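Data first, discussion second: the structure below is written as structure tokens.
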Amino acid sequence: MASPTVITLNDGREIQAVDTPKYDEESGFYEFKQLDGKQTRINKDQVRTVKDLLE
């Protein structure tokens, strides 16, 4: 499934994903696919708010 989701970090840095993120218990990161179609991962504590563009 694909849906636009903007993840806002602790400092306020917002990144927009084309599909929904995965919380990985193994490494402790959140995995999300950026607008470019590139998957990136950031630590569980850096994420402030997880919201869709469809609010």
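Lettering and numbering for the structure tokens are positional, with chains as A, B, ... in the shown order, residues counted from 1 in each chain, and ligands counted from 1 in the shown order.
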
Contacts of segment 28-45 of chain A within 7 Å, only C-alpha atoms, excl. fewer than 5 positions in-chain, as a list in words
residues 16, 17, 18, 19, 20, 21, 22 and 23 of chain A

Using DSSP on the backbone coordinates, identify all residues within chain A classified as strand (DSSP E or B); present the result as a PyMOL selection string.
chain A and resi 5-9+14-17+22-23+29-34+39-43+47-52

Atoms kept (N, CA, C and O atoms) for selection, written as a compact mmCIF listing (two decimals), in the first residue's frame:
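As written to disk, result09.txt reads:
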```txt
# COMPACT_ATOMS: atom_id res chain seq x y z
N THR A 5 3.13 10.14 3.81
CA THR A 5 3.27 10.33 5.26
C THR A 5 4.49 11.21 5.60
O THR A 5 5.61 10.88 5.23
N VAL A 6 4.26 12.32 6.29
CA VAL A 6 5.36 13.22 6.68
C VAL A 6 5.81 12.97 8.13
O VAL A 6 5.06 13.16 9.09
N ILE A 7 7.05 12.52 8.29
CA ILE A 7 7.63 12.26 9.61
C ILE A 7 8.43 13.47 10.11
O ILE A 7 9.42 13.87 9.50
N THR A 8 7.99 14.05 11.22
CA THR A 8 8.65 15.22 11.81
C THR A 8 9.57 14.80 12.96
O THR A 8 9.13 14.15 13.91
N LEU A 9 10.85 15.16 12.87
CA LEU A 9 11.85 14.75 13.87
C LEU A 9 11.86 15.68 15.10
O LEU A 9 11.17 16.70 15.13
N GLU A 14 11.41 17.70 8.88
CA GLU A 14 10.31 16.88 8.35
C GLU A 14 10.72 16.18 7.04
O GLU A 14 11.22 16.82 6.11
N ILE A 15 10.48 14.87 6.96
CA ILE A 15 10.73 14.10 5.74
C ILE A 15 9.44 13.42 5.25
O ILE A 15 8.72 12.80 6.04
N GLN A 16 9.14 13.55 3.96
CA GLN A 16 7.91 13.01 3.38
C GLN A 16 8.16 11.65 2.69
O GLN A 16 9.02 11.53 1.82
N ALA A 17 7.39 10.65 3.09
CA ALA A 17 7.49 9.30 2.52
C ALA A 17 6.32 8.99 1.57
O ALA A 17 5.22 9.52 1.73
N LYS A 22 8.17 1.54 8.80
CA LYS A 22 8.27 0.31 9.60
C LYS A 22 9.18 0.52 10.83
O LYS A 22 10.34 0.90 10.70
N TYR A 23 8.64 0.26 12.02
CA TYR A 23 9.44 0.28 13.24
C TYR A 23 10.18 -1.06 13.41
O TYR A 23 9.55 -2.11 13.58
N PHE A 29 15.44 1.28 14.67
CA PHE A 29 15.20 2.42 13.77
C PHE A 29 13.78 2.40 13.17
O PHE A 29 13.07 1.40 13.22
N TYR A 30 13.39 3.54 12.61
CA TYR A 30 12.20 3.63 11.76
C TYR A 30 12.61 3.66 10.29
O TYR A 30 13.38 4.53 9.86
N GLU A 31 12.09 2.72 9.51
CA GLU A 31 12.41 2.61 8.09
C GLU A 31 11.29 3.24 7.24
O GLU A 31 10.15 2.80 7.30
N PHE A 32 11.62 4.26 6.46
CA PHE A 32 10.63 4.92 5.62
C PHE A 32 11.21 5.28 4.24
O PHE A 32 12.39 5.62 4.12
N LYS A 33 10.36 5.18 3.22
CA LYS A 33 10.78 5.43 1.84
C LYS A 33 10.48 6.88 1.41
O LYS A 33 9.32 7.27 1.24
N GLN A 34 11.54 7.67 1.23
CA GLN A 34 11.42 9.09 0.85
C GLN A 34 10.70 9.28 -0.50
O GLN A 34 10.49 8.33 -1.25
N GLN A 39 14.79 4.27 0.49
CA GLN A 39 14.57 3.86 1.88
C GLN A 39 15.68 4.39 2.81
O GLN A 39 16.87 4.20 2.53
N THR A 40 15.30 5.05 3.89
CA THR A 40 16.25 5.50 4.91
C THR A 40 15.78 5.13 6.32
O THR A 40 14.60 4.80 6.52
N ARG A 41 16.69 5.17 7.29
CA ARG A 41 16.40 4.71 8.65
C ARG A 41 16.95 5.68 9.71
O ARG A 41 18.11 6.08 9.64
N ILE A 42 16.12 6.04 10.69
CA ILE A 42 16.54 6.93 11.78
C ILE A 42 16.08 6.39 13.14
O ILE A 42 15.06 5.70 13.23
N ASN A 43 16.83 6.69 14.21
CA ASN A 43 16.58 6.11 15.53
C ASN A 43 15.18 6.45 16.09
O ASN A 43 14.64 7.53 15.84
N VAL A 47 12.09 10.60 16.21
CA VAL A 47 10.77 10.85 15.62
C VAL A 47 9.81 11.55 16.61
O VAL A 47 9.47 11.00 17.66
N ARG A 48 9.41 12.77 16.29
CA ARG A 48 8.45 13.52 17.11
C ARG A 48 7.00 13.13 16.78
O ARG A 48 6.27 12.62 17.63
N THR A 49 6.59 13.38 15.53
CA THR A 49 5.21 13.11 15.10
C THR A 49 5.17 12.36 13.76
O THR A 49 5.91 12.68 12.82
N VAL A 50 4.28 11.37 13.66
CA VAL A 50 4.06 10.63 12.41
C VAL A 50 2.65 10.91 11.88
O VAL A 50 1.66 10.43 12.43
N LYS A 51 2.56 11.71 10.82
CA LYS A 51 1.26 12.11 10.26
C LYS A 51 1.23 12.02 8.74
O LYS A 51 2.24 12.20 8.06
N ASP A 52 0.05 11.74 8.20
CA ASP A 52 -0.16 11.68 6.76
C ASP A 52 -0.36 13.08 6.17
O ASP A 52 -0.62 14.04 6.89
```
